[PDB]
């Protein structure tokens, strides 16, 4: 759609840095912007083009909304979207009760200029950073990760969206975003169905799918490293039954892997390692190092100067190592006993493909209304329990209920920072 002229869109800064040698790294005075889903929608006279989680009378069809409406800028990322920056440091406060409402969550992208995004040289390169999720409790997710959203937020490819990257347009992942207000540069208005729980969210028949690289999915109790692969690893527009993931009728009904090949440590049987005071003690800041190599993935940590390894899986049949490999991805699925879309959409090769797609460094905090994040920090799925892969973390089963969790700790926050990138083994000396 068009750009909203009432507000000027502010893009907070955020130094990050290419890393030549493990000591000679140089800083980039980047910036950041938020996804369009958190932005106000309206016709040429204050009246919105959507509202609550219901599209409006000021709007009619997908192809009409793209032209009749426009998106505005946020501005008070502090006072409205709870974001903050300290140079390299950044902060996103879970629950954000601004003057006229209470906004839940945030999602940001790196920016090589206000028009442009920060794409990344994935394969054969590593990503670093540091996080203080020290008070990110069960039910919540502070996520850092890459995905192949086109450099200009889908503006080139789509003529009807003349807003683009500078306002946070064109997002996709392995879930396929049916929740997106707009997709392929049109509106998700025609047939739009608003859920029960989420008064902000609904779901449209048009989701956009692309390759999804989630080195980070975490919390004070558990995490996972997870690559998702697509037939088409790049931005593509799906259509209803031919959509998969979260918002669709069948999860694996698509072009993409929404379950994927995760390393979830506690899921792999090493339950006393990560957490408050634990081996990987999450009550205080620590560093993640993630490399991305052909047919293999790796990730260390560095706490109190000390380089922390990753627990190997207990599970008989399964290979002894953290490293993401086919040996993993293969001897993983009947063992745990889940539907394998990893290789159902083309093994480590399609991901060895996915890897070589230019990516963007996302940054997010949320709360899942659909699994209550049970898939990350507890016994999932609780359709039985007592088997491998069930468990996930030290968290309980009635936790993750967005509301109730949004009521006990609404001031929790993630602190993203020290982001590093470069050739393999070149952001730290380990």
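Positions refer to the first chain, counted from 1.
Relative to its counterpart among 42 to 50 and 358 to 366, 42 to 50 has the higher mean temperature factor, C-alpha atoms as listed in the PDB entry.
The question of which stretch, 329 to 337 or 223 to 231, has the higher mean Cα B factor is settled in favour of 329 to 337. The entry lists C-alpha B-factors for 287, 195, 350, 169, and the highest of these is at 195. Across the residues 319, 202, 305, 114, the deposited record lists the maximum Cα B factor for 202. Ranked by Cα temperature factor within the chain, residue 394 sits in the highest third according to the deposited record. Annotation for residue 59: CA B-factor lies in the highest third of the chain's modelled residues. Residue-level temperature factors show residue 206 in the middle third of its chain, judged at the C-alpha atom. When the modelled residues of the chain are ordered by C-alpha B-factor, residue 269 sits in the lowest third.
Residue-level temperature factors show residue 15 in the middle third of its chain, judged at the C-alpha atom.
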